[PDB]
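This report concerns only the one structure given below.
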6 protein chains.
Amino acid sequence: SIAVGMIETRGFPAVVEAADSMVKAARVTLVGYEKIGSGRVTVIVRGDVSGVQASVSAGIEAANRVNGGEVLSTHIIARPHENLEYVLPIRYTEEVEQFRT
Amino acid sequence: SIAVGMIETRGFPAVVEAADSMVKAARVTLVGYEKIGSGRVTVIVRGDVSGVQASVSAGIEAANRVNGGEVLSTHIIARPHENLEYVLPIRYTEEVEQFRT
Amino acid sequence: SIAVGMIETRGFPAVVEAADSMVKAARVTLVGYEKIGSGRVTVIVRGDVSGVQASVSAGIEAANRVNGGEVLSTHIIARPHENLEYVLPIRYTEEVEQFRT
Amino acid sequence: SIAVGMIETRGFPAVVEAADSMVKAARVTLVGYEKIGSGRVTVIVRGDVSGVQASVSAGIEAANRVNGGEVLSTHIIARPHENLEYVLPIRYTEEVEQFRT
Amino acid sequence: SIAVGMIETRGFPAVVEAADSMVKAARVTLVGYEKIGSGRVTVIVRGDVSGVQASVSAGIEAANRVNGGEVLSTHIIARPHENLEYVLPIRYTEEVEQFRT
Amino acid sequence: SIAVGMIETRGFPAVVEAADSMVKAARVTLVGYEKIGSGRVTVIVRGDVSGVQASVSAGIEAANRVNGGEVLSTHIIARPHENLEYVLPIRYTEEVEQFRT
């Protein structure tokens, strides 16, 4: 359940820049982006605890510097419980895509 | 119809942390997360009444401590009526997934 | 066109408790739950006029007592017009489910 | 292109009551209900100009009397242009339903 | 890429009246209506520059006269770039409908 | 991962004009438009860094001049990480469209 790092934000252009940062600032895998509605959107990454940290870190600074960047919330569980992974979009995609479509 | 515990929240990062808590603080199964729109999202678990309690409890404290955590609503029916289970997302998933896709 | 009873609410956990009430407080069948967007969600039941009443009644008290329960709107047509039933989600589901999927 | 009558409203319970009225107050056919998002929902009927009137009239009074009824907008084109009918949900449904599903 | 004329509006009944106008006031084809969420909805038409003008014109006056008409935004590109047409809903529908369904 | 340029905006008519600009002001390919909810919508283009710049530039001026144009956010990654491309809508569409439908 390698640490999970996510960061919410108001606006899409700022969420992309946050995602580009996290994935660059550390050895973290961008797992997905979640839309809660009301201009709110989270970006989730996975990797070690200090990896997931270093990236959630940068991500936030880069997001805010955006022409409208508004980091709404931020969090990271180090060793997030497993059951959690089969209920939330903290995991991988692409795979069962052929079946969905 | 083992007790049902859910907790709403504004923002996704705070709903995940709420879910990670509930599922850890007790013997409860995270059944799913519901999106009502407008930054609002609920997390639902299942287990005994005191199990579902102990977890909805912790969940709320952990959510609020989040960098933007905003617990919107909270509830738990101890012995929630059956018909209710076949109309609301209080149950299990994964199973008929192959057919949907 | 047996009377129709519904109750809107802000938040999902409060809408479930409202539904658990109505369906218990009287001989009413929970037909479905509607999402209008913006944290708003209605619960609809069917039964006699006094049955659909007694339940929409309880439902409201139980919803409000919820940790965030916010009953938004409430209504009941006693003998609601038929055409209405084939345009709104006031009816039954499950049946043409195999075809949809 | 028999006149078209519709009425928007905040909340679902109030839109249903609006629909139950229009379809009763006149010889109008409830064609459908549209969701624009943000608690907003329209109800559309069809019939003569004075029929579509008499019903959009009542509809509004009945909606407002609802425990949360909030008529947002209201309109009626008497002889609404045809092209319009093949781009907006002002028409009939049910028919190509078997193919969709 | 014959000029494109669109007009946003708060509420559905006002967007329909806007659409009924544009399509009548000129030789323009109502291509579609877009929902951005939050009671906001645009209506798009196509035709010459002066045709698409004359209609976006009327449309706005007719929309505002509606019992709740609220024209939110308005625009028209005369010779809108092609790539744009294969990314936005400025074009025609109906055609690949059988496949979608 | 040729530079990515996007610009958010409140309202749809202003997002279209922004897109019409970017795609004209430079050698950039409009990849798509994203809806975050709450009247917010982004437009994304791809091309060189200075190409993607020159266009995100114009786009913003043209959007603001719109009858309701409200540029919400703005950004551009020059060499945006690859993983990012398989999680966000920064890429191409049309292709697997036949399968989706």
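Values in this text are rule-based calculations from the coordinates and carry no lab data. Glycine gets a Cβ as well: all are built from the backbone with ideal geometry, and neighbour counts include every protein chain shown.
Brief remarks on what is shown
- A:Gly47 meets each of the listed conditions (1) within 25 Å of F:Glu8 (Cβ to Cβ); (2) surrounded by 18 or more Cβ atoms within 10 Å (Cβ to Cβ) apart from (1).
- Qualifying positions in segment F:48-96 - within 8 Å of another protein chain (Cβ to nearest Cβ), free of Cβ contacts under 8 Å to residues at least 24 places away in the same chain and not aliphatic (A, V, I, L, M): F:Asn83, F:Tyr86, F:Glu94
- Here F:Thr9 does not fit the description of being away from chain A (no Cβ under 12 Å) and touching a residue at least 60 places away in the same chain (Cβ under 8 Å).
- Within segment F:37-84, the residues that satisfy the criterion of being of a type in the set (A, V, I, L, M, F, W, C), touching a helix residue (DSSP H, G or I) at 6+ places or on another chain (Cβ under 7 Å) and not in a helix (DSSP H, G or I) are F:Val41, F:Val43, F:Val45, F:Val66, F:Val71, F:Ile76, F:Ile77, F:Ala78.
- Consider segment E:37-47 and keep the residues that are touching a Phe, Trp or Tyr at 6+ places or on another chain (Cβ under 9 Å) and either among the polar types (S, T, N, Q) or facing chain D (nearest Cβ under 7 Å) (or both). The one that is farthest from A:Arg40 (Cα to Cα) is E:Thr42.
- Selection from segment D:50-60 of residues that are surrounded by fewer than 21 Cβ atoms within 10 Å (Cβ to Cβ) and farther than 19 Å from C:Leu72 by Cα: D:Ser50, D:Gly51, D:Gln53, D:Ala54, D:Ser57, D:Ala58
- Any hit, segment C:64-71, residues being under 24 Å from D:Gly32 (Cα atoms) and surrounded by fewer than 19 Cβ atoms within 10 Å (Cβ to Cβ): no
- Flag for C:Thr42 being crowded, with 23+ Cβ neighbours inside 10 Å, in contact with an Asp or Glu (Cβ under 6 Å, 6 or more places away or on another chain) and under 18 Å from D:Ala18 (Cα atoms): yes
- Residues (more than 10 Å from the chain's Cα centre (by Cα) and either surrounded by 24 or more Cβ atoms within 10 Å (Cβ to Cβ) or more than 10 Å from chain B (Cβ to nearest Cβ) (or both)) located in segment C:22-36: C:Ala25, C:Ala26, C:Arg27, C:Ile36
- Residues in segment D:1-15 that are more than 18 Å from C:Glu85 (Cβ to Cβ) and assigned to a loop (DSSP other than H, G, I, E, B): D:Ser1, D:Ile2, D:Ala3, D:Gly11.
- Within segment B:85-101, considering residues that are part of a loop (DSSP other than H, G, I, E, B) and of a type in the set (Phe, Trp, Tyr), the one farthest from A:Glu85 (Cα to Cα): B:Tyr86
- Taken as a whole, the condition of being outside any loop (DSSP other than H, G, I, E, B), in contact with a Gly (Cβ under 6 Å, 6 or more places away or on another chain) and of a type outside the set (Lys, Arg) applies to B:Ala18.
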